[PDB]
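All remarks here apply to the structure that follows.
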2 protein chains.
Amino acid sequence: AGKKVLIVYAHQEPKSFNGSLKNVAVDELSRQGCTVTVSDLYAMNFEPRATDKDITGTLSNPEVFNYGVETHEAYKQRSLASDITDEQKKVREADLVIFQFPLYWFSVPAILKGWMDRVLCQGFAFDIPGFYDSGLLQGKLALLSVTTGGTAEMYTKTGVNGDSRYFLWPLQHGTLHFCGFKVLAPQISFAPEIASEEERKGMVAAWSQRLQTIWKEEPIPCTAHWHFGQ
Amino acid sequence: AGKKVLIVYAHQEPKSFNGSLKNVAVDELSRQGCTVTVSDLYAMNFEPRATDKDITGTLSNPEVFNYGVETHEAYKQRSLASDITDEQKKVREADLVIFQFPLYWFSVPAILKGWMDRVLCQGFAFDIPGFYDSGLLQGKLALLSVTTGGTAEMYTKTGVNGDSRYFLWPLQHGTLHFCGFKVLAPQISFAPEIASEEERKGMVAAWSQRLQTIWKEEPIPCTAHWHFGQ
Ligand SMILES: Cc1cc2nc3c(=O)[nH]c(=O)nc-3n(C[C@H](O)[C@H](O)[C@H](O)COP(=O)(O)OP(=O)(O)OC[C@H]3O[C@@H](n4cnc5c(N)ncnc54)[C@H](O)[C@@H]3O)c2cc1C
Ligand SMILES: Cc1cc2nc3c(=O)[nH]c(=O)nc-3n(C[C@H](O)[C@H](O)[C@H](O)COP(=O)(O)OP(=O)(O)OC[C@H]3O[C@@H](n4cnc5c(N)ncnc54)[C@H](O)[C@@H]3O)c2cc1C
Ligand SMILES: COc1cc(OC)c2[nH]c(=O)cc(C)c2c1OC
Ligand SMILES: COc1cc(OC)c2[nH]c(=O)cc(C)c2c1OC
Ligand SMILES: [Zn+2]
Ligand SMILES: [Zn+2]
């Protein structure tokens, strides 16, 4: 029945390590016969700000602007900006969404934060029933593929940065799990810049390798225990 | 001495609950005789995207664009875009920085994430070495004044969202502490959209009342234990 993959990609430089990782995911998932689409946010000059431009025609309450309410009603009334709905159509059709980004301040770059803020609107991604286990994107897989400046040692529990999993919580749980995604284990490529050449080649190779059996994987249990506990 | 306060404010609607919490801070700090400046991000149409437009000089490596490297050298050389250096002057002069924002996906709205990505560059906010307790903003205070959709109850260890302190980690530790700020306890105003008129007025006056004695507070111990316990 085939599978559709969306890669949401947030790097300014096509020759970057992130670009290589995105390119390998494209090469390998396309080799398997999957339908692959990439949202190259910087190349699209993707709008990160949540503003009233995100609603076309006339606001639900033009006196006091409430982004959440107005985007909810806009979704229901098919009245959202086309950049947003173009993205929601790719997500709707995806079986798997991979986010490929460098870690910026223990989180996603603002351009990709703006994608999550604007694309994952109430009525599309969640509503009152239909959050966490029940969220509107249930059935879909999501996966963070993150590159870091810090070596793997810095990201241990008693290290300076604390555990990798500590920063994962707002993205995996607060965002992806909230919307119904099952979350595969994050791919974390530690510290590509302090190399080496061969060691960079090796991390790109390992991601490609993992993508081979991505469809065999089980989701993580997306829990406070998984992130912080023992 | 007296003191300088910068409020970095991220809400689209001046009549909003965020609007009121920013306005009471300006009013109370101004009443005390403090110097007060507000960076009203949406009104400034503040650029959230980290791009090569943020550097105007000869790039250190114009064949492969690396945002961290290029902004660090642009800072030393003074070729950063001026919107960034305008913010930096505000932070440099400040004794206290307050971030006033609605929680968006367990984090800051993208427009304010872009402020942290672009303004807190290497050379200015931190160096290597020169971070966490050696951060370049040592001696300044910071405070997150966050509003939520979820109730206090929802943000407890056994509630749907887990403890409120879990989502504070990337912002308090990975960003502010990393830059050397001493972090004051977060002001979290839970679920104003749900709350009654009296409860909302109550939340605004509790912030006003807290600001009366802010200069007397000790910072939090910004550690994994404060954040996750326990
Ligand atoms: C605003 C900001 C905030 C940040 N916050 C954090 C943080 O909170 N925590 C943290 O750890 N880090 C942080 N960083 C560091 C950041 O996460 C790293 O800079 C980034 O992940 C490096 O990945 P890259 O793709 O840009 O590396 P690149 O510099 O693009 O790649 C490294 C090398 O790989 C080469 N390359 C590309 N493809 C290949 C290939 N196939 N094989 C071999 N070599 C290849 C490149 O040419 C380059 O020499 C931050 C950086 C910035 C700018
Ligand atoms: C993209 C997105 C992501 C989100 N992610 C999360 C999340 O991860 N977790 C979560 O909990 N929530 C989330 N939310 C919900 C969001 O945090 C809240 O909607 C926001 O915190 C509420 O603050 P506000 O200023 O917008 O409230 P408002 O809607 O502006 O205020 C509520 C009421 O208070 C009134 N008010 C204004 N001033 C005063 C005053 N002086 N005295 C008394 N009343 C006053 C207003 O008139 C209004 O009637 C998200 C929302 C969006 C849009
Ligand atoms: C803002 O840039 C940041 C922020 C960080 O932590 C918050 C970082 N932590 C690390 O362990 C290693 C690096 C390199 C790093 C970094 O820049 C390269
Ligand atoms: C995407 O918007 C979000 C995301 C959330 O958690 C991620 C939320 N959690 C809550 O507890 C309560 C609310 C209102 C909420 C919210 O607004 C609808
Ligand atoms: Zn979860
Ligand atoms: Zn800390």
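FYI, residue positions are counted from 1 along the chain as it appears here.
Method on record in the header is X-ray crystallography, 2.0 Å.
Here the Cβ of each residue, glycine as well, is placed from N, Cα and C on the backbone.
Among the features that Swiss-Prot reports, FAD binding site is placed at A:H11, A:17-20, A:103-106, A:147-150, A:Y155, A:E193, A:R200. Counted within 10 Å of its Cβ, the other Cβ atoms near A:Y104 (FAD binding site) come to 25, all protein chains included.
Residues or ranges marked as substrate binding site in Swiss-Prot: A:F126, A:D127, A:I128. Same-chain residues at least 6 positions away in sequence with a Cβ under 8 Å from that of A:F126 (substrate binding site) are, in sequence order, A:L120, A:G135, A:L136, A:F178, A:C179, A:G180. A:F126 (substrate binding site) carries a strand DSSP state (E or B).
The feature Zn(2+) binding site is assigned by Swiss-Prot to A:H173, A:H177, A:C222. Around A:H173 (Zn(2+) binding site), the same-chain residues six or more apart in sequence whose CB sits under 8 Å from its CB are A:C222, A:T223, A:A224, A:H227, listed in sequence order. Reduced to three states, the DSSP call for A:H173 (Zn(2+) binding site) is helix.
Within 10 Å of the C-beta of A:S79 (phosphoserine) we count 18 further C-beta atoms, all protein chains included. Annotated phosphoserine per Swiss-Prot: A:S79 (among others), in sequence order.
Long-range Cβ contacts of A:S196 (phosphoserine) within its own chain (separation 6+, distance under 8 Å) are none. DSSP assigns A:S196 (phosphoserine) to coil, not to a helix or a strand. Positions annotated as phosphoserine by Swiss-Prot, on the basis of a large-scale study or a structure entry: A:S196 (among others).
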Cβ neighbours within the same chain of A:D127 (substrate binding site) - under 8 Å, at least six residues apart: A:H72, A:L136
Distant-in-sequence Cβ neighbours of A:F106 (FAD binding site), under 8 Å, six or more positions away: A:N161, A:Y166, A:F167
Cα distance (Å, whole number) from A:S79 (phosphoserine) to A:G150 (FAD binding site): 43
For A:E193 (FAD binding site), the one of A:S79, A:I128, A:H177 that lies nearest, given that the recorded positions are compared by Cα: A:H177
Residue from A:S79, A:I128, A:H177 whose C-alpha is spatially nearest that of A:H11 (FAD binding site), among the recorded positions: A:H177
Recorded positions whose CB lies under 6 angstroms from ligand 3, from A:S20, A:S79, A:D127, A:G150, A:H177, A:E193: A:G150
Which of A:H11, A:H177, all binding-site residues, has a Cβ with the fewest other Cβ atoms inside 10 Å: A:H177
